[PDB]
Number of protein chains: 2
Amino acid sequence: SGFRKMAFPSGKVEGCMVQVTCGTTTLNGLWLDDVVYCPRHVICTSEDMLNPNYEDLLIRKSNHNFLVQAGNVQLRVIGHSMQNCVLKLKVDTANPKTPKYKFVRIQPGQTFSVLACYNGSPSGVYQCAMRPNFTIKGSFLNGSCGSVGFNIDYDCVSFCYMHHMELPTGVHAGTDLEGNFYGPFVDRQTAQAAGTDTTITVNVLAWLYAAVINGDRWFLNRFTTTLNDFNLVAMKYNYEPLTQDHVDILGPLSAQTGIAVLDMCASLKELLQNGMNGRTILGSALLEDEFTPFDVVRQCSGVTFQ
Amino acid sequence: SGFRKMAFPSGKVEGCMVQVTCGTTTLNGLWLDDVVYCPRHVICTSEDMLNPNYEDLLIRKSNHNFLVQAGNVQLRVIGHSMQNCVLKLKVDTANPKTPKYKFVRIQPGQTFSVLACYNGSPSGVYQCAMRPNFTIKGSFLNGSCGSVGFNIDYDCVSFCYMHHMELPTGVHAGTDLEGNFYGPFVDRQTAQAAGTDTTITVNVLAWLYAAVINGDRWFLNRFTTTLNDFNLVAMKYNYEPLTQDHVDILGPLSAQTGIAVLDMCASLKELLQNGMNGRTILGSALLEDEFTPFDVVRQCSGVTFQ
Ligand SMILES: *[C@H](O)[C@H](CC(C)C)NC(=O)[C@H](CC(C)C)NC(=O)[C@H](CC(C)C)NC(=O)OCc1ccccc1
Ligand SMILES: *[C@H](O)[C@H](CC(C)C)NC(=O)[C@H](CC(C)C)NC(=O)[C@H](CC(C)C)NC(=O)OCc1ccccc1
């Protein structure tokens, strides 16, 4: 038993991380088959980050202007092109450690692991959620750009995020691997702000189920609610509306625990209206919303990879 | 910026995990050079675990009683021995993926990453601290024994923990990689309980420094405390004593932020006595104690590994 904010094992991704340098800027790239993907702002110059003309900056580059290294091994760039906010650097060697992979664009409320890297070297791994406002709350310093977010299933790595920027509230923005930003953000240092950060209701409910599985039952009560009456309370606390689809995907946890979805909703309603009265749930004094229902089932059932 | 509970990248350790089966008991082993290390209770049956005599149980064992699998491949066991509470299974193949490594003994308050595994395969990675009562709060199911905890440093993997057991609060206990338990526990199913948990004061202070570094300053106050008077408060809230050696260890964070260590102690005293008054620190409503001073410096400075 026990329930922790767990990341995917990172070894498949660590074998794809490379260092890309242009001019004096070094950031990270992702090496899959014979292409390295990296944020296009590696070509920016520091006096021209307000509105860079990426088109102009890129067509003036030659392949040798991009220095790519995997570990201490130089990779030779033999082509370069732009796709949205990422560059695709064609290299002369297919990465022999390429896992089975796909590029996925995730939905708000979904979770993934971030392999935070600097100078092409992994430094740490953690679990994040795509917030409803299409930012993430990560841990990223200068030089972390090009670090990726990913899920695994069986032996297939679904890459879903590449890191590009930090917004003033200390929150992070980036693209999918097609190079399109999540949310309305752009890769230039013009003033930009995140929208409303709402709480992911279906994930809070999943985590309440995880709590019951792991022996925390004090919030369970004798009440129920309709979905309508729950959502009326939820909106007042800046929680996203629960839908029938959400109720459906909570089905398996409800069955395993014997607690009906709308009874758990009644427990959550009471927690929202009354707080925890000095108690904790799975070591937290806040209602935790960065576990999906599938994350709970994976961890509580010991699902493994390859 | 940002601050997250970050684990070490797990790939170097993933390459070492194998499955070990004896009879119908299956758990994980650590394959380093030509040795597989695993908990000795793998030789216990369904009824042996109440109060096993491991010398007696090994009378009944030969090499082919240990089925070791690395991925799909059967390793052949050519010797076995008992060392403290682990078995060393000598196999006829050296692990080609053996990293540079060492075995270390950690002390309470120190942190490490756990790669939770089942059947020799990785389920996920998370960061833990060795509690003052020599347990960890992990996420472990039946079959997780033999999963290891580790730190990474420069190029070297420092293994510090191997998982053996769960105590009834959902607390976890295990050994170092020499097979000696952390804490006063034994590998048998006789009633045992850890000492009451206390809070790792030096780590809470480190995490308050992380908060200041990342822009959270609302808890800084104009008050002063002495080490003695602060410890009077710590004892009342079941915090570990803060020593002058701890004060020295916090020196670099104090210098970086301009906040004297005992001034941060005055901030923590007020938090303990009055709570957070509806505010949060680094996204938490409780005082976090599983980041060491070194963890804070390393995350706020972007230290990487290969
Ligand atoms: C890439 O390694 C680095 C990582 C960050 C976590 C710092 N990203 C950048 O440097 C990025 C490059 C630009 C060209 C996309 N810049 C930012 O992320 C920038 C950081 C601040 C501190 C300047 N954020 C930004 O420009 O947000 C837009 C903005 C501008 C002005 C006011 C508010 C918001
Ligand atoms: C190893 O895979 C498995 C992992 C746990 C997470 C289940 N560990 C064991 O099965 C281990 C083997 C024994 C011989 C060391 N047993 C325990 O950890 C046991 C599990 C409970 C659920 C029975 N815990 C235990 O025996 O704690 C001591 C104890 C006994 C009786 C009352 C209180 C405490």
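Order of the sequence lines fixes the chain letters, A, B, ..., with proteins taken first and strands second; residue numbering starts at 1 for each chain. Computed from heavy atoms alone, side chains included, the values below leave out hydrogens, waters and symmetry copies.
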(message) Taking side chain as everything from C-beta outward and backbone as N, CA, C, O, which of these in B/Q127 sits under 4.5 Å from a heavy atom of chain A? Side chain, backbone, both or neither.
(response)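 Looking at B/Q127, just its backbone touches chain A.
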(request) Please look at B/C300 and chain A and tell me whether the side chain, the backbone, both or neither of the residue comes under 4.5 angstrom of a heavy atom of that chain. (result) backbone
Selection from [options] maximising heavy-atom pairs under 4.5 Å formed with chain A:
options: B/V13, B/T280, B/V303, B/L286; answer: B/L286
options: B/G170, B/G138, B/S301; answer: B/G138
options: B/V125, B/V114, B/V171, B/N214; answer: B/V125
options: B/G11, B/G124, B/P9, B/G2; answer: B/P9
options: B/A7, B/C128, B/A285, B/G215; answer: B/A7

Atom [atom1] of [X]: over 12 foreign heavy atoms under 6.0 Å:
X: B/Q192; atom1: CD; answer: yes
X: A/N274; atom1: CG; answer: yes
X: A/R217; atom1: CZ; answer: no

(request) Under the ring pair (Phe, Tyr, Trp, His ring centres under 6.0 Å) rule, collect the residues that match up with A/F305, sequence neighbours excluded. (result)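 Here the qualifying residues are A/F8.
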(request) Side-chain contact test, heavy atoms from C-beta onward, threshold under 4.5 Å: evaluate it for B/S123 versus A/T304 and give yes or no. (result) yes
(request) Answer yes or no: is there a side-chain heavy-atom contact under 4.5 Å between A/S1 and B/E166? (result) yes
(request) With a 4.5 angstrom heavy-atom cut-off, could you sort out which part of A/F3 is near chain B: side chain, backbone, both or neither? (result)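 Contact with chain B is through the backbone of A/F3 alone.
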(message) Under 4.5 Å from any heavy atom of chain B, what part of A/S113 do you find: side chain, backbone, both or neither?
(response)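 When you check distances to chain B, no heavy atom of A/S113 falls under 4.5 Å.
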(request) Write out, in numerical order, the residues from residues 144-152 of chain B with a heavy atom short of 4.5 Å from a heavy atom in chain A. (result) none
(request) State the CG-CD distance between A/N119 and B/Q306, to the nearest 0.5 angstrom. (result) 14.0 Å
(message) Quick check against the 3.5 Å criterion: does A/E14 have a side-chain atom that pairs as donor or acceptor with the backbone of B/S10?
(response) yes
(request) Give a yes or no on whether the backbone of B/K137 and the side-chain of A/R4 come within a donor-acceptor separation of less than 3.5 Å. (result) yes
(message) Please evaluate residues B/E290 and A/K5 with respect to the criterion salt bridge (charged side-chain N to carboxylate O under 4.0 Å, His left out), reporting the C-alpha separation (whole Å), side-chain torsions for both, the decisive distance (0.1 Å), and the verdict.
(response) CA-CA 13 Å; B/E290 299 207 344; A/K5 197 163 268 181; over 6 Å; no
